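So the structure is just underneath, and the comments pick up after that.
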Amino acid sequence: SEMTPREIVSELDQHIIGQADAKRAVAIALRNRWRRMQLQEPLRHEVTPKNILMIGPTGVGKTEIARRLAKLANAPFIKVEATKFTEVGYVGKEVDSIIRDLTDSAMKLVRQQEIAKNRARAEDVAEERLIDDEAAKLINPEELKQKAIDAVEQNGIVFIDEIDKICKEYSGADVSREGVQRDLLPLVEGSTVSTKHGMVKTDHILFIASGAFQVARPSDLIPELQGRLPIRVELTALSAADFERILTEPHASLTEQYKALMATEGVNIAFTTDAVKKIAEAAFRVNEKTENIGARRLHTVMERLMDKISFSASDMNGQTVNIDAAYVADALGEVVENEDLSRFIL
Amino acid sequence: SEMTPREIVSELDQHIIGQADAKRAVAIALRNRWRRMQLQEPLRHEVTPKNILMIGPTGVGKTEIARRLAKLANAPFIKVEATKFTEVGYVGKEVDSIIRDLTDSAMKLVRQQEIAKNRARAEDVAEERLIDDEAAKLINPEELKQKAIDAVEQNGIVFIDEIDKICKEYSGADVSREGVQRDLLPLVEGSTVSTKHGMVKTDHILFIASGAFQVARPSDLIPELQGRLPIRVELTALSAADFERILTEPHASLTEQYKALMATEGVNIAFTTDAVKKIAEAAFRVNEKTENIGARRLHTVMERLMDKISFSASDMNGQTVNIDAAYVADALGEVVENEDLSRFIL
Amino acid sequence: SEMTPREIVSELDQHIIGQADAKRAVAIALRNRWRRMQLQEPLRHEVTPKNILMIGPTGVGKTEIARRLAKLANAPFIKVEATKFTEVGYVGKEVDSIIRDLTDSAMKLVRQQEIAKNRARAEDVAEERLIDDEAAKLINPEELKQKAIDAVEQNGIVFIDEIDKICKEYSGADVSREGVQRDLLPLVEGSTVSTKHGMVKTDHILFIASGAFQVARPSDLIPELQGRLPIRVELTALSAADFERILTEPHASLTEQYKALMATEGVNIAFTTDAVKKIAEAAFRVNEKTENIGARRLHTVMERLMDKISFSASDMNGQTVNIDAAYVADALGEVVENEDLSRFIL
Amino acid sequence: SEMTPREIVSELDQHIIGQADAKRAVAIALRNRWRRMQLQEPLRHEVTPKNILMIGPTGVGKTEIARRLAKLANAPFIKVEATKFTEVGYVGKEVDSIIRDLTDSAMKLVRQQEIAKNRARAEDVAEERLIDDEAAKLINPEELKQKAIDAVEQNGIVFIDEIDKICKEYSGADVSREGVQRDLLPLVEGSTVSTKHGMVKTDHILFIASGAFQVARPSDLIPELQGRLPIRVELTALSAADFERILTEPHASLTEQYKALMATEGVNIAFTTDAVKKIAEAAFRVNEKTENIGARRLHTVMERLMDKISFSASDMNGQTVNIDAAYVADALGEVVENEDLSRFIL
Amino acid sequence: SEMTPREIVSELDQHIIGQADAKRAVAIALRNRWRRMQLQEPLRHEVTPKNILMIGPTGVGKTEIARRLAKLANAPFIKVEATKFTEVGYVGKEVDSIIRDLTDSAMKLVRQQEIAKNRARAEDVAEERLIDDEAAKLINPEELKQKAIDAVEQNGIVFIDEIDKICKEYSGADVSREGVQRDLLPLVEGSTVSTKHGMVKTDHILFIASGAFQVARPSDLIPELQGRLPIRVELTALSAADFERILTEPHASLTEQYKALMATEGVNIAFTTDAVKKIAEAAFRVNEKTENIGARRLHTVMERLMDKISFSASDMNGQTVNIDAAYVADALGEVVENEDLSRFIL
Ligand SMILES: Nc1ncnc2c1ncn2[C@@H]1O[C@H](COP(=O)(O)OP(=O)(O)O)[C@@H](O)[C@H]1O
Ligand SMILES: Nc1ncnc2c1ncn2[C@@H]1O[C@H](COP(=O)(O)OP(=O)(O)O)[C@@H](O)[C@H]1O
Ligand SMILES: Nc1ncnc2c1ncn2[C@@H]1O[C@H](COP(=O)(O)OP(=O)(O)O)[C@@H](O)[C@H]1O
Ligand SMILES: Nc1ncnc2c1ncn2[C@@H]1O[C@H](COP(=O)(O)OP(=O)(O)O)[C@@H](O)[C@H]1O
Ligand SMILES: Nc1ncnc2c1ncn2[C@@H]1O[C@H](COP(=O)(O)OP(=O)(O)O)[C@@H](O)[C@H]1O
């Protein structure tokens, strides 16, 4: 879109904490599409998407960045687990499923983005002949699908997750993984796929493949894929401090959410500064003491925390609960420094 | 629904004995949907379902709670065995089957809940032009399916059974299970699925995954799933006393049922207090002496018990059988303290 | 149906010899459906079918009882080999096939039971405008399928054969069987299935699972299945005496059949008492000397017996063959005390 | 087409650097089709396509040549990974997929090449009865598909990639690969395939199979395939000098592209001669120090290079960045002589 | 057809060099169909096709003979690799594919053989109401398909290639091959198959199965197949002399082809007698020095030969190149006595 690299980042800055290199990466990739548009044929179709290979540990924001990037760009998205195409069988759906999925969404993107767009006459004409039975106007599936197929073709964004899980001495008698990248190839290399909405050409689709690559290295990917993964960016682990921010700065952060949800019951809750430090500290503490699952750890802990309130807020209309460091210390309790429990409870 | 956490529990209290933590868990999860509704965009679609991971031994009420929760919430339900997606093949139906199944039910929920709802004119108009051929009015599959797709989207409840049976040194050369949670992922992570009733978006579906986790621990689930299993609740084994209650308090308990069914033959049966103690005692006794299958044990024993009466009630019209501790002791007999039989008969 | 437990048994008594416990079992199960009907909501849908687990050796009448039970109850039946769902592949038809099969039959049951029922006008209206082209009246597939889907739903009877062949140390590295009971589960646990005749709900279907259980024990079935197999009944082996009765009492016994078939050629045959003893004695004798295949053994022996007559009855119009103990002794001959032959000839 | 061997090469010369033998090869193959046309029946259908077996290391231009050849000949193309047909399963799409794919493209080639061709009346008739709803004229799918099926039949070009990966002592217990060439056979040997656009006959299709053949030798292919791979041509590795040219001579070379894309932001960038030498030198340097992935290496390096500018060009409107050898040395930096990084970053 | 055995052979003599026994074999088989026609029912349908088992080394003309036989008999043909039905899977198309394929061709044989046959009015009626839109007349798919299904039924010719590759101590634990001949059986044994053009009955189809049988012997085929392979004929290897003839006598021999193709560029080329000897000598020389691939060897060598001319003929309009033994010696060169190259270049 007309949005500039620095603008895209600010937008992302409002949802993801840290991971600047990554933000910068998706921004360039995205902006590059605005630049291509400006060019003229042949050079226009000539230039291919600047795909990205994010390299980072689970829970640092890899998917989030892509999802958000997609939203801010009003573009058809789609996440997919690379591993999906290896499980003994492959007798379900191949790589084309991705393009189909993505194509469906593109329609569902011009739809809702139309039934409530060019409908500058959902009144004064809907009835008087209520509404509802009005949406079925000006549609024209011949025009609807067109822009949809045009959407995926010009803006689609496929997120290939855990791609490092299909690389590569008894561990060598298995090269099927390489045969996978092979079937994945045509998509990134550009090609045409049949869909119930027409024929979409994956030629200008933006691909974002992430992966821990703790086992393998990007250089182990088949040459064809390395060539089509121009941008290499690495994400970093999150510090307890990062959790502290994520817990409240990102729009719709967890504290904002619980605060809003309880307000619904008529309960005004508040988070003491120290309390947020203790929360994020707990999340981090558990992650290093056991399996570090990144920022996700924040989910189970924040739920364990708001457990009590979350049940009886109904009974507490008109009160103001102040979640201070104590309320936390207690609500959590033994569960953190106790690995036996944490592996279940959190 | 408008029902509050404490109300949902009372409702459940009338069907399930014990397992409070679990009741509390599903109530919060359910209520949270009423709260979300109250919020405003973006925060509305922003908030995701508070999925649950029940951890408990077979026969304690895990499925029941979910089924009941679904009923009390007039919501599309669906149970499914996680193991189902691993059996050598997968050449039948993938994870999308769940969403489709669930979607079908949603229709069948707005249907019966309509053919006998807005039909405030199934008379005075049905005939006089009997009924029956009247139901085919005001329907409008364009509106019928809409709310249906809207139902699964806003209220659907998927119950993933035995999920601990797809986790994870010769026992390590098998990671297919992890590839399963992978394919299960998109559903819980929100996404769109095609169905004969339109396109349902799993984004706001409530997921309840239970599991013994005697083999593995929740922490062994792929990180993405842990993150999406916010609420962790644990159910407890049932004491013989619990059987004693289940045998008569839950609405439509087994004694209520047999009493009603025999009344049909004109036989009024009655259960002596001690007799119910002896029944539940037998159920429990067998469970610890052999394979403890929880409350299910009550089924075969109660059937062994009502065996005799259940056959000749027809012949006994107008009588009143009093099932006392003796009648039980006898009706059961050697079969309990005799493992050779119990493994067959009970 | 309106038939009482004692009546159902008398009916069965006219087709099956012995196996009273089993007869009693299916009768209770069947009658229980008449009782449920009488109840009122909720308790009506609340009560589930009293499924049966027959435990017995091959050839004693397990399937027969179920088939007969089905007939006497004018209910949609269906037998199916549990093993069917394990054979390397499963790339044909899953558990839903059962419900579909069963649903088809239900239609084919309201059909023939209609084309010749409400057709109180297959004359005086069929022609005069022969018949035949008349059956295509009053049908109305919208009403036809309805009762059909209603039939399977309220009366269907699935017979799961050899279920003990999907249970459970090198013999333990195979748990697929358990994954089978898993896929079988939803059916017995009640659920909805799509069919070319509408959507049938397996909730009130009567299930009869039989099995030798010489290898495994019922207690080895997954807990969920034990819980749904309330009634446990055991069938006994058949004595030579039992063969003697089966050979002539059951309606359409083998002697009745051959007698009728030969009458067709104009040959009136008769069975000497001793001859029937010798026949059944042969059947039994072979069964213990080699592989005991129960009452089936009676088929090959009775055919070996009527071999000669069965060919030239045509030539024997107006005669009266008397099959006495001698005729038998001879017709059979060496073939019985000679294992080399019996394993081929009988 | 009317283009002569020497003309085709000049055309290719403008896109591919080096690889003359290969250029010569595709030119002969292509021209041969113009010659065949001139002949008369029978000799016309008698002469078969002069298929090619390119033998060369990854990254030297094998696919490019074929793609370009296809473009210059306005012919339906299609690349496909031979390995694709071996991965455990084959339960997706066989060799016919190739012909179908290729056939689709042929339509999509007469389409765009028509909606904007014989449309010498997309005005003066489109409206006045804007345009758009005009394209749906003179089409006639009966004529559209015809030429399409005629296109693939007379001009189609299938590019079979990595064919040396399906040849052939524990490494001999696997001959499935040979069974692959077997299924691939009919296509090259000429035959008919069903497609949603009619029936295409692969008889006159031009096949280009490439392969490293570092493992196996062409002579190891099944005899039938050797016979149908008339032209054998070998491509050479690329020297750093070759990278230097590729970096700027081929139409739409990478420097041309970045220069154009930045111009979009209002930034006029320039590449110092030495800077291009240093760039190509880096690409080559990394390739020999680690995994040599041919010219592809140029992608990640050129992206690492334009990283900084590519982000803030927006901020730099009206400036003129001069990328000299220094700017490069710096922009790249440690990343090249440092293998730990290169395997990730480049 | 009306053609006699000696006539069929002369026809073949004009395309295949040598292999008389084989020519004789297909002629008898073919003529036998003319004789059957003359007979009267029942003896007419009574007589089955005299199928053939060609036994010979690759490259001697086995397929050619069958293809040619098919052409001269204006009959639906079809080659198919027996191995095709064994490759792990069989989840694509079974033996019926053959009959379907063959049936398609039969239509495509009455089609082109009609659109330009009974069309004695593709003018004087096509326009004047140009042509083209005329072909769609008198067709009548009800008559078109009829003769087509009649074609395959009465004239179809299936060529089963490499059948010796599905026969038969660790090499014995694999009998799947025998199960293949089993599935192949019904076809040769006569039967009916469904097709989009109706139901074709394989009863009178002519089958030609060839095979090296260097591994196994015909006698190893399942008995049923031996019985249906009446005619056993053996083909011989080709001498360098045979190559010399093939190089110029068969209609549309390779020298005829290149001569014609170059004439297109305005270049009149000529082959010195000795030059043809040297060419064929090279083909043979390479075949014995490395892998003997029969006459195919002639393809790569003749292409290596005409390489130079084939490129610049364009530049040589009006010249007359004389390919003498020298031109050859040179054009080939080291490549023949050098195995390292031959295995690539030739
Ligand atoms: N830097 C970050 N800023 C905000 N939220 C984050 C960040 N890193 C992780 N998260 C949160 O943690 C979860 C991480 O999942 P995701 O973004 O897909 O990344 P990854 O795939 O690397 O685990 C999401 O719920 C996201 O909101
Ligand atoms: N706490 C309880 N209260 C009432 N019934 C119970 C309870 N626990 C188990 N049951 C009965 O036992 C069976 C248990 O199955 P279910 O509820 O699915 O739980 P689980 O999956 O843990 O075995 C059901 O028939 C249910 O009625
Ligand atoms: N008790 C019996 N009374 C009458 N017929 C019997 C009896 N037992 C077996 N049979 C006959 O033997 C065969 C037994 O098969 P079936 O009834 O399916 O039982 P099972 O599956 O235990 O072998 C049937 O043909 C049936 O007529
Ligand atoms: N000789 C060359 N001239 C121009 N570009 C080349 C050359 N060799 C390789 N490339 C570039 O490198 C990549 C090589 O891929 P491709 O042409 O498919 O060949 P290969 O399959 O041998 O790797 C393409 O992006 C192409 O532009
Ligand atoms: N006797 C022959 N006469 C003419 N051409 C032959 C002869 N033998 C082989 N060929 C040529 O060599 C190739 C051999 O393939 P084919 O005829 O299928 O036999 P095979 O399957 O035994 O290799 C064909 O291109 C054919 O023209």
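Protein chains in written order, with PDB author numbering: chain A, 2 to 130, 226 to 264, 267 to 444; chain B, 2 to 130, 226 to 264, 267 to 444; chain C, 2 to 130, 226 to 264, 267 to 444; chain D, 2 to 130, 226 to 264, 267 to 444; chain E, 2 to 130, 226 to 264, 267 to 444. We put the beta carbon where it would ideally sit given N, CA and C, even for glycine.
Cβ distance (whole Å) where residue i is taken to contact residue j below 8 Å
i       : j       : result
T353(E) : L359(E) : That belief does not hold up - the Cβ atoms of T353(E) and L359(E) are roughly 11 Å apart, past 8 Å.
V96(B)  : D301(B) : Not really, about 15 Å apart at Cβ, beyond 8 Å.
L54(E)  : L13(E)  : 18 Å between Cβ atoms; not a contact.
Residue i Cβ short of 8 Å to ligand 5 heavy atom set
i       : result
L283(D) : no
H16(E)  : yes
Where residue i falls, given that 16 or more other Cβ within 10 Å makes a residue buried
i       : result
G270(C) : exposed
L403(C) : buried
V126(E) : exposed
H16(A)  : buried
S289(C) : buried
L44(E)  : exposed
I235(A) : exposed
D228(A) : exposed
Ligand 4 heavy atom lying under 8 Å from the CB of residue i
i       : result
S337(D) : no
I53(D)  : no
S11(D)  : no
Any chain H beta carbon closer than 9 Å to residue i
i       : result
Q113(D) : In summary, chain H is missing from the structure at hand, where the protein chains are A, B, C, D and E.
Residues bridged to residue i [DSSP beta-bridge criterion]
i       : result
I329(E) : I53(E)
Residue i beta carbon near ligand 3 (any heavy atom closer than 8 Å)
i       : result
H397(C) : yes
Distance cut-off 8 Å: residue i Cβ against heavy atoms of ligand 2
i       : result
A393(B) : yes
Heavy atom of ligand 1 within 8 Å of residue i beta-carbon
i       : result
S308(A) : yes
Next on the checklist: So if I threshold CB-CB distances at 9 Å, which residues from the stretch 287-302 of chain C count as touching chain B?
Outcome noted: Correct list: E287, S289, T290, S292, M297 and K299.
Checklist entry - Listed from N- to C-terminal order along the chain, which residues in the stretch 73-91 of chain A have their beta-carbon within a distance smaller than 8 Å of any beta-carbon of chain D? => result Going along the stretch 73-91 of chain A in chain order, one finds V89, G90 and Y91 with a Cβ nearer than 8 Å to chain D.
Checklist entry - Taking a cut of 9 Å between CB atoms, which residues from the stretch 408-421 of chain E lie near chain D? => result Taken in chain order, the members of the stretch 408-421 of chain E whose beta-carbon sits within less than 9 Å of a beta-carbon on chain D are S408, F409, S410, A411, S412 and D413.
Item to check | Cβ-based contacts, 7 Å cut-off: residues of the stretch 241-261 of chain D near chain E | outcome: none
Next on the checklist: Beta carbons nearer than 9 Å to chain C: which residues of the stretch 350-365 of chain B have them?
Outcome noted: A350, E354, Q355, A358, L359, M360, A361, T362 and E363
Item to check | Contact list for the stretch 102-128 of chain A against chain B, Cβ threshold 8 Å | outcome: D102, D105, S106 and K109
Item to check | Contact list for the stretch 5-31 of chain E against chain D, Cβ threshold 7 Å | outcome: none
Item to check | Selection of the stretch 39-63 of chain A by Cβ proximity to chain B, strictly under 8 Å | outcome: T59 and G60
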